[PDB]
Amino acid sequence: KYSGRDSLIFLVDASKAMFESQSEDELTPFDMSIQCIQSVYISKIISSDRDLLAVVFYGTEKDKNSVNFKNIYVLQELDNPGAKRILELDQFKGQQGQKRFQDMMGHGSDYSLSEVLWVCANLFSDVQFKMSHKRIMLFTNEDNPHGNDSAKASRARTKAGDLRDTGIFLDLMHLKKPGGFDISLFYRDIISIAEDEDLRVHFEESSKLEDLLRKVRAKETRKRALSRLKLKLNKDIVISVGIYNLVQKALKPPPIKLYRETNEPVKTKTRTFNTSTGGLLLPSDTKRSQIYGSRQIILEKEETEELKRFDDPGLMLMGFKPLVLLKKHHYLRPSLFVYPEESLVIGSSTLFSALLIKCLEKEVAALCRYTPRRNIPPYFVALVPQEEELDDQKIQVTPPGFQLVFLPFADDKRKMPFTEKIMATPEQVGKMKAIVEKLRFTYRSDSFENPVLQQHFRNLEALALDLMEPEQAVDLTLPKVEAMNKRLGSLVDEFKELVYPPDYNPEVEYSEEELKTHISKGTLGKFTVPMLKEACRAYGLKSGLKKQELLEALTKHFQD
Amino acid sequence: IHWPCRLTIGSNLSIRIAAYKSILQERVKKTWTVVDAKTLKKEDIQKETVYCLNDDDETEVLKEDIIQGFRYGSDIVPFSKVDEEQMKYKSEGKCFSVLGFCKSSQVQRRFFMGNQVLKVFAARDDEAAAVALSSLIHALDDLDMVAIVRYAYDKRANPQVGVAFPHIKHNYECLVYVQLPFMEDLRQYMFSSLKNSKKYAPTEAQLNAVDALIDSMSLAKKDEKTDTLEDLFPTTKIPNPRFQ
Amino acid sequence: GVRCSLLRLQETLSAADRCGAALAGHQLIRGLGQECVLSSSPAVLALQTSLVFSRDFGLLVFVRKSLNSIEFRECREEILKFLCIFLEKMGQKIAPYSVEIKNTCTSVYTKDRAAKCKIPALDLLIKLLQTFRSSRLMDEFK
């Protein structure tokens, strides 16, 4: 489960009608499919760069597969997506790309539709790793590949059923072409996802291919426990729970140092070097230290970690508090999640479920002392009972359990300056209400993307596929100032006149002698910090950052 | 410390604002300095990163011969410090623009981020923008719904979205800012239901016992019956014991 | 043991798609080494060093020739498991070509960034197992 990696095999048609299309600005379906596969590759390499992807063109004149089969070509075998794999594919884009494919692969050469499915299963069966999921998209612009030969259709159906039984779920992303037919036909009993749809006969547009939301270039999928703690209701009765995190800040992967001449990673070696007398030092002759004024406090390494140990790792329950006492203002860390686990203590789930039921029945939240690791000071936590919420599609959006809420200490609360309470009046609060109602918004969690991360990922894509210019991300968090201004209307000016007063716009060179004379002159004035710093550095005296440091040191030493 | 900015709606509606810092995790200012155990002097100690090649070590590899590199797939694409500074996201300085307004039920305490909370109070002592801001927060509070905000600290700092709840008290009146999660910032997990399960369904006796337990260890008494939840031991006023 | 070791296993680290055939190399190195049970005039003590440890087509040098092979750095680890326990024969007083094999083991130590209990703790038993059976020539080790 945890160590399994999802796997994907594309299946691009290369028929004659697959290439030739309507003569307009619309993309030929082959270019559309290649662009979509390239987009899927790009999305899946930045996000979860461990899955396996491979592309198997069928209908070609050439042939390359583990078992010799006519008109089936495996351009790439199952492996992690790579930049070279993307660049090996973009050469087929455009009319020149179409001609390159025709001269390098071919088209026509009527296929069987069964040996291709067998080949896909072969690569699926050739992997020495785990197989979390197995999927096969079938990019095709035709819906009735056969019909003049029922035997081939029956063989294809049998092979598809065998693949489904093995655990292979194929879903074709149908391509629309001029004409009037993309009918639900000899593909319906083959789609092993069997996605729910109206199954309307007279489709007249591209099928579920825009559903890719092409290039969702930000994701890092993972599920892990992150801790396994004991919840002590008392000294002797303890239960075992896991501490998951539902939302966590996303950061770009750290950079790697490289050797310029060879462009290969350079290993680093941090070690405390000699005391200007030669040799190396022990973790046993280097004690930690701190200085406060003229007093130096010398303290050993282990004693440094000894002074921040209070409790053994676990959640010590200390009582229940009403939910109405958990103010929204107080907040320090992202809220964690607790689920009952039964690996260290058997029977924790039953007590946990009873506690959850009777804790959200009385609208109370458990209060505990939280110590995640061995030597961390305790931190109080209010376990808010989060009841399971489910959609009509039987999809879990808020899984049941307890949610940590880090209550801040009094040290972590800052005090505001005194401000004078000035209240508004009617007849402009109403105007504000009208503006707000005119600016409705159904906020969703899947609304915005980190612009910095998006720009960095696009820059990396441009630097790995020489796109000749980075893709400019549409900054989704940028307000639509012109659209919202036009939607607002002139009532903003009515607001402005109503409250704002009419007059309210809202909108070296130094040496020995000059310093010797200046210390008696006593200014050291227009003398800037940048030039005091360079004087003290080039001369060799000890230097700091605050002005008074240099102003005292130079004055005391230069004369005395 | 003061943090001036301007909350803007549309293009011409701007209110001078001042977001003071609020609840934020606070650490210890001083630091532990490694010192040799022979003369209690930091100057004798000395540490430095020494980049070394991979094949049969080397004499040295200098600083000036090192360039950045970012993993991208199974290989490495050589970026550089100057290229990062040149082609990257560029905002327009500190901004507190308002994307829109959503019901104060589509944001939940679970979907919060950041290590800090802000309290966007008002402008300075001039009581011109204060009236407009108070009108905005009152319109948000007497009615429902809450304001989403695009907030950025400086030109270099990344821009972040968030929520600005109204917050009215008998002494002051202001909004409060907390960061929201981005699309890549969100993680969805699959957990077994704790109510439909049959193995762990607790019997009536267990339910009554735990009900009596939580009623015994309640940390709040409805004293004087004045509809006031007088609080027992509260954890938001105890100083951090670690520092003491 | 068999003279065809060069032909059979030096071909392995010459072709592309190094993912795979690591088990083939493991079978080859088990076959060349199942013959190590014989003790009546092996006549290969001086043969192995010029073949498995030489700078030209050796196998301990197949770390300098494995650096770029990340896929053949843990497979190389798994074959060199047996390649490095191959020295497990403490019934000989011979010490030919041990001087350079010492620094070869040192290089193996200072080469692999991972498998630190698999490539190391598997090398440097040449020390305390093969070396320090010495102080009769002792030219460079100390």
# chains A, B, ... in the order shown; residues from 1 in each chain; ligands from 1
call {"tool": "closest_atom_pairs", "arguments": {"of": "chain A", "to": "chain C", "cutoff": "12 Å", "atoms": "only C-alpha atoms", "output": "JSON lines"}}
result
{"residue": "A:77", "atom": "CA", "partner": "C:17", "partner_atom": "CA", "distance": 11.3}
{"residue": "A:78", "atom": "CA", "partner": "C:19", "partner_atom": "CA", "distance": 11.8}
{"residue": "A:79", "atom": "CA", "partner": "C:19", "partner_atom": "CA", "distance": 10.5}
{"residue": "A:126", "atom": "CA", "partner": "C:20", "partner_atom": "CA", "distance": 11.3}
{"residue": "A:127", "atom": "CA", "partner": "C:20", "partner_atom": "CA", "distance": 11.0}
{"residue": "A:128", "atom": "CA", "partner": "C:20", "partner_atom": "CA", "distance": 10.0}
{"residue": "A:262", "atom": "CA", "partner": "C:68", "partner_atom": "CA", "distance": 11.9}
{"residue": "A:263", "atom": "CA", "partner": "C:68", "partner_atom": "CA", "distance": 11.9}
{"residue": "A:264", "atom": "CA", "partner": "C:68", "partner_atom": "CA", "distance": 9.3}
{"residue": "A:265", "atom": "CA", "partner": "C:68", "partner_atom": "CA", "distance": 10.8}
{"residue": "A:266", "atom": "CA", "partner": "C:113", "partner_atom": "CA", "distance": 11.2}
{"residue": "A:267", "atom": "CA", "partner": "C:113", "partner_atom": "CA", "distance": 8.6}
{"residue": "A:268", "atom": "CA", "partner": "C:113", "partner_atom": "CA", "distance": 11.0}
{"residue": "A:269", "atom": "CA", "partner": "C:113", "partner_atom": "CA", "distance": 11.9}
call {"tool": "residues_around", "arguments": {"residues": "stretch 87-102 of chain C", "least_positions_apart": "4", "cutoff": "9 Å", "atoms": "only C-alpha atoms", "output": "VMD selection string"}}
result
chain C and resid 36 45 to 46 49 53 60 83 106 to 107 124 126 to 127 129 to 131 133 to 134 138 to 141
call {"tool": "closest_residue", "arguments": {"among": "C:40, C:110, C:69, C:135", "to": "residue C:19", "atoms": "only C-alpha atoms"}}
result
C:69
call {"tool": "closest_residue", "arguments": {"among": "B:98, B:27, B:146, B:56", "to": "chain C", "atoms": "only C-alpha atoms"}}
result
B:56
call {"tool": "residues_around", "arguments": {"residues": "stretch 358-366 of chain A", "least_positions_apart": "3", "cutoff": "9 Å", "atoms": "only C-alpha atoms", "output": "PyMOL selection string"}}
result
(chain A and resi 317-324+326+353-355+381-387+402) or (chain B and resi 207-208+210-211+214+218)
call {"tool": "write_last_selection", "arguments": {"atoms": "N, CA and C atoms", "output": "CSV table (one decimal), in the first residue's frame"}}
result
chain,number,residue,atom,x,y,z
A,317,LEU,N,-4.2,13.4,29.1
A,317,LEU,CA,-5.5,14.1,29.2
A,317,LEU,C,-5.6,14.8,30.5
A,318,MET,N,-6.2,16.0,30.5
A,318,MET,CA,-6.3,16.8,31.7
A,318,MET,C,-7.7,17.4,31.9
A,319,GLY,N,-8.7,17.0,31.1
A,319,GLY,CA,-10.1,17.5,31.3
A,319,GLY,C,-10.8,17.8,30.0
A,320,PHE,N,-12.0,18.2,30.1
A,320,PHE,CA,-12.8,18.6,29.0
A,320,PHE,C,-13.3,20.0,29.1
A,321,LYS,N,-13.3,20.7,27.9
A,321,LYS,CA,-13.7,22.1,27.9
A,321,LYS,C,-14.8,22.3,26.9
A,322,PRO,N,-15.8,23.2,27.1
A,322,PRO,CA,-16.8,23.4,26.2
A,322,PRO,C,-16.2,24.0,24.9
A,323,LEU,N,-16.9,23.7,23.8
A,323,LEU,CA,-16.4,24.2,22.5
A,323,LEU,C,-16.4,25.7,22.4
A,324,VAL,N,-17.3,26.4,23.1
A,324,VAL,CA,-17.5,27.8,23.1
A,324,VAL,C,-16.3,28.5,23.7
A,326,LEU,N,-13.2,27.9,22.9
A,326,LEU,CA,-12.0,27.8,22.0
A,326,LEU,C,-12.2,29.0,21.0
A,353,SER,N,-13.8,5.6,20.0
A,353,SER,CA,-15.1,5.9,19.4
A,353,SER,C,-16.1,6.3,20.4
A,354,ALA,N,-16.2,5.6,21.5
A,354,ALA,CA,-17.1,6.0,22.6
A,354,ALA,C,-16.8,7.4,23.1
A,355,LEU,N,-15.5,7.7,23.2
A,355,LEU,CA,-15.1,9.1,23.7
A,355,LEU,C,-15.5,10.1,22.6
A,381,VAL,N,-3.0,21.2,24.3
A,381,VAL,CA,-3.7,21.0,23.1
A,381,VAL,C,-5.2,20.7,23.4
A,382,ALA,N,-6.1,21.3,22.6
A,382,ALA,CA,-7.5,21.0,22.7
A,382,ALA,C,-8.0,20.1,21.6
A,383,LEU,N,-8.3,18.9,22.0
A,383,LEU,CA,-8.7,17.9,21.0
A,383,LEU,C,-10.2,18.1,20.6
A,384,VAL,N,-10.4,18.8,19.5
A,384,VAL,CA,-11.8,19.1,19.0
A,384,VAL,C,-12.4,17.9,18.3
A,385,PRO,N,-13.5,17.3,18.7
A,385,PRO,CA,-14.1,16.2,18.1
A,385,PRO,C,-14.6,16.5,16.7
A,386,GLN,N,-14.0,16.0,15.6
A,386,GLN,CA,-14.4,16.3,14.3
A,386,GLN,C,-15.3,15.1,13.8
A,387,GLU,N,-16.5,15.4,13.5
A,387,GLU,CA,-17.5,14.4,13.1
A,387,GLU,C,-17.3,14.2,11.6
A,402,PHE,N,-10.3,13.0,16.0
A,402,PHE,CA,-10.0,14.2,16.9
A,402,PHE,C,-9.0,15.0,16.2
B,207,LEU,N,-20.9,3.6,27.1
B,207,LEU,CA,-21.3,5.0,26.8
B,207,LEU,C,-21.7,5.7,28.1
B,208,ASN,N,-22.4,5.1,29.0
B,208,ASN,CA,-22.8,5.8,30.2
B,208,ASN,C,-21.6,6.0,31.1
B,210,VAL,N,-18.4,6.5,30.1
B,210,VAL,CA,-17.6,7.6,29.6
B,210,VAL,C,-18.4,8.9,29.7
B,211,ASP,N,-19.7,8.9,29.6
B,211,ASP,CA,-20.5,10.1,29.8
B,211,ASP,C,-20.3,10.6,31.2
B,214,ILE,N,-16.7,12.2,31.4
B,214,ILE,CA,-16.6,13.6,30.9
B,214,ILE,C,-17.4,14.6,31.7
B,218,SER,N,-15.2,17.9,33.7
B,218,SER,CA,-15.5,19.1,33.0
B,218,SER,C,-14.7,20.2,33.6
call {"tool": "select_by_dssp", "arguments": {"residues": "chain B", "states": "strand (DSSP E)", "output": "number ranges by chain"}}
result
B: 4-9, 13-24, 33-36, 46-49, 66-67, 70-72, 75-77, 95-102, 113-120, 146-152, 160-168, 173-179, 220-221, 230-231
call {"tool": "select_by_dssp", "arguments": {"residues": "chain C", "states": "alpha helix (DSSP H)", "output": "ChimeraX atom specification"}}
result
/C:5-9,22-34,45-52,71-85,98-109
call {"tool": "write_last_selection", "arguments": {"atoms": "C-alpha atoms", "output": "mmCIF file, in the first residue's frame"}}
result
data_model
loop_
_atom_site.group_PDB
_atom_site.id
_atom_site.type_symbol
_atom_site.label_atom_id
_atom_site.label_comp_id
_atom_site.auth_asym_id
_atom_site.auth_seq_id
_atom_site.Cartn_x
_atom_site.Cartn_y
_atom_site.Cartn_z
ATOM 1 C CA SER C 5 35.331 -14.793 -15.931
ATOM 2 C CA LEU C 6 36.456 -11.783 -17.972
ATOM 3 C CA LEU C 7 34.333 -12.759 -20.972
ATOM 4 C CA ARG C 8 31.272 -13.669 -18.922
ATOM 5 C CA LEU C 9 31.084 -10.723 -16.508
ATOM 6 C CA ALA C 22 22.448 -7.827 -11.846
ATOM 7 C CA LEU C 23 21.082 -11.237 -10.880
ATOM 8 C CA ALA C 24 22.990 -12.624 -13.870
ATOM 9 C CA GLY C 25 26.168 -11.092 -12.467
ATOM 10 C CA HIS C 26 25.284 -12.561 -9.077
ATOM 11 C CA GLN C 27 24.968 -16.010 -10.656
ATOM 12 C CA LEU C 28 28.308 -15.510 -12.421
ATOM 13 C CA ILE C 29 30.072 -14.477 -9.207
ATOM 14 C CA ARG C 30 28.515 -17.385 -7.309
ATOM 15 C CA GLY C 31 29.718 -19.816 -9.968
ATOM 16 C CA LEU C 32 33.179 -18.228 -9.838
ATOM 17 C CA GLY C 33 33.593 -18.884 -6.134
ATOM 18 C CA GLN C 34 31.758 -22.149 -5.729
ATOM 19 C CA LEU C 45 45.701 -16.822 -6.117
ATOM 20 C CA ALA C 46 47.934 -14.768 -8.418
ATOM 21 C CA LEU C 47 45.372 -14.988 -11.236
ATOM 22 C CA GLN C 48 42.431 -13.345 -9.463
ATOM 23 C CA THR C 49 44.276 -10.148 -8.520
ATOM 24 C CA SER C 50 45.274 -9.384 -12.117
ATOM 25 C CA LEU C 51 41.652 -10.088 -13.153
ATOM 26 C CA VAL C 52 39.304 -9.040 -10.326
ATOM 27 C CA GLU C 71 21.246 1.858 -10.934
ATOM 28 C CA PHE C 72 24.443 -0.231 -10.795
ATOM 29 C CA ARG C 73 25.587 1.159 -7.447
ATOM 30 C CA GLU C 74 23.240 -0.884 -5.243
ATOM 31 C CA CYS C 75 23.320 -3.833 -7.635
ATOM 32 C CA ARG C 76 27.087 -3.351 -7.589
ATOM 33 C CA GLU C 77 26.744 -3.312 -3.803
ATOM 34 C CA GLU C 78 24.858 -6.609 -3.844
ATOM 35 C CA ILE C 79 27.398 -8.368 -6.076
ATOM 36 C CA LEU C 80 30.349 -6.891 -4.184
ATOM 37 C CA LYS C 81 28.800 -8.306 -1.015
ATOM 38 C CA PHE C 82 30.033 -11.713 -2.116
ATOM 39 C CA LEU C 83 32.992 -10.202 -3.985
ATOM 40 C CA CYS C 84 34.266 -8.786 -0.668
ATOM 41 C CA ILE C 85 33.448 -11.776 1.531
ATOM 42 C CA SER C 98 48.068 -6.801 -0.631
ATOM 43 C CA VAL C 99 49.707 -3.363 -0.544
ATOM 44 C CA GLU C 100 47.578 -1.920 -3.338
ATOM 45 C CA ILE C 101 44.479 -3.851 -2.258
ATOM 46 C CA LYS C 102 44.700 -1.978 1.052
ATOM 47 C CA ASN C 103 44.249 1.409 -0.614
ATOM 48 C CA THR C 104 41.711 -0.177 -2.964
ATOM 49 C CA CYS C 105 39.613 -1.028 0.092
ATOM 50 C CA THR C 106 40.244 2.496 1.375
ATOM 51 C CA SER C 107 38.868 3.838 -1.915
ATOM 52 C CA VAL C 108 35.830 1.561 -1.592
ATOM 53 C CA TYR C 109 35.262 3.123 1.832
#
call {"tool": "residues_around", "arguments": {"residues": "stretch 38-44 of chain B", "least_positions_apart": "3", "cutoff": "10 Å", "atoms": "only C-alpha atoms", "output": "list in words"}}
result
residues 273, 274, 275, 276, 277, 285, 286, 287, 288, 289, 296, 297 and 298 of chain A; 33, 34 and 35 of chain B
call {"tool": "write_last_selection", "arguments": {"atoms": "C-alpha atoms", "output": "PDB file, in the first residue's frame"}}
result
ATOM      1  CA  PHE A 273      38.846  22.029  12.151  1.00  0.00           C
ATOM      2  CA  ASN A 274      41.848  22.575  14.388  1.00  0.00           C
ATOM      3  CA  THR A 275      42.394  25.272  17.011  1.00  0.00           C
ATOM      4  CA  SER A 276      45.179  26.834  14.891  1.00  0.00           C
ATOM      5  CA  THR A 277      47.432  24.198  16.496  1.00  0.00           C
ATOM      6  CA  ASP A 285      36.168  18.667  24.301  1.00  0.00           C
ATOM      7  CA  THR A 286      33.701  21.129  22.698  1.00  0.00           C
ATOM      8  CA  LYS A 287      31.099  22.232  25.239  1.00  0.00           C
ATOM      9  CA  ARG A 288      28.232  24.574  24.443  1.00  0.00           C
ATOM     10  CA  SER A 289      28.364  28.093  25.831  1.00  0.00           C
ATOM     11  CA  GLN A 296      30.006  33.340  30.733  1.00  0.00           C
ATOM     12  CA  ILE A 297      27.873  30.234  31.266  1.00  0.00           C
ATOM     13  CA  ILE A 298      29.538  26.985  30.189  1.00  0.00           C
TER      14      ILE A 298
ATOM     15  CA  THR B  33      27.926  28.783  20.833  1.00  0.00           C
ATOM     16  CA  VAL B  34      30.345  25.871  20.480  1.00  0.00           C
ATOM     17  CA  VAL B  35      33.401  26.411  22.683  1.00  0.00           C
TER      18      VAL B  35
END
call {"tool": "closest_residue", "arguments": {"among": "A:429, A:119, A:508, A:37", "to": "chain B", "atoms": "only C-alpha atoms"}}
result
A:429
call {"tool": "closest_residue", "arguments": {"among": "B:5, B:200, B:82, B:179", "to": "chain A", "atoms": "only C-alpha atoms"}}
result
B:200
call {"tool": "interface_residues", "arguments": {"of": "chain B", "to": "chain C", "cutoff": "8 Å", "atoms": "only C-alpha atoms", "output": "PDB file with N, CA, C and O atoms, in the first residue's frame"}}
result
ATOM      1  N   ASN B  54      33.714  13.459  -5.790  1.00  0.00           N
ATOM      2  CA  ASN B  54      33.190  12.132  -5.500  1.00  0.00           C
ATOM      3  C   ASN B  54      34.188  11.012  -5.756  1.00  0.00           C
ATOM      4  O   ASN B  54      34.110   9.969  -5.097  1.00  0.00           O
ATOM      5  N   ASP B  55      35.122  11.190  -6.686  1.00  0.00           N
ATOM      6  CA  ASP B  55      36.027  10.120  -7.091  1.00  0.00           C
ATOM      7  C   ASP B  55      37.383  10.301  -6.420  1.00  0.00           C
ATOM      8  O   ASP B  55      38.095  11.273  -6.700  1.00  0.00           O
ATOM      9  N   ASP B  56      37.733   9.362  -5.539  1.00  0.00           N
ATOM     10  CA  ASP B  56      39.044   9.318  -4.888  1.00  0.00           C
ATOM     11  C   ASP B  56      39.378  10.647  -4.219  1.00  0.00           C
ATOM     12  O   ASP B  56      40.523  11.103  -4.237  1.00  0.00           O
ATOM     13  N   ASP B  57      38.362  11.266  -3.629  1.00  0.00           N
ATOM     14  CA  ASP B  57      38.422  12.578  -2.975  1.00  0.00           C
ATOM     15  C   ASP B  57      39.138  13.567  -3.900  1.00  0.00           C
ATOM     16  O   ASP B  57      39.131  13.410  -5.126  1.00  0.00           O
TER      17      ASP B  57
END
call {"tool": "closest_residue", "arguments": {"among": "B:213, B:163, B:174, B:139", "to": "chain A", "atoms": "only C-alpha atoms"}}
result
B:139
